[PDB]
Amino acid sequence: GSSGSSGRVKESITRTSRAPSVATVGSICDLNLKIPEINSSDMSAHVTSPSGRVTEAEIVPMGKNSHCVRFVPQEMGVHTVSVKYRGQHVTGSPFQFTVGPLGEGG
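Once you know that position 3 of the sequence shown is 3 in the deposited numbering, the rest is easy, because the numbers rise by one and skip nothing.
Below you can see the structure in the form of structure tokens.
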């Protein structure tokens, strides 16, 4: 029930859930992630489907502290990226984003 602001486990945390870019469907998408010196051989990128399927993603070599993931986020629902480093979810992980088809230009 309700608490008197004395200190109790959380129930529902309010957030934004907004992406810095738009994700498309059936097309290569470049995902930029601010990663430190950490390398890829140590990291692991895998996209999870709302059906229970797990895929693999490639981390193209950008720079010393830069990395890019190119993959085709195509599912029947919501897409969720699982980026863990040595068995630990990084900041903003897993990453959830909604996909949509490309209609007109503008």
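From the three backbone atoms N, C-alpha and C, an ideal C-beta is built for every residue, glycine too.
Counting C-beta pairs closer than 8 Å gives three or more between the segment 65 to 79 and the segment 42 to 55, which meets the contact rule. Nearest Cα to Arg18 within the set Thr91, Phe95, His89, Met62: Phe95. Here the segment 56 to 64 does not lie against the segment 12 to 28, with fewer than 3 beta-carbon pairs under 8 Å apart.
For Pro73, no beta strand (DSSP E) run applies, since DSSP gives it neither H nor E. Nearest C-alpha to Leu31 among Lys10, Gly106, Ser82, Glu104: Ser82.
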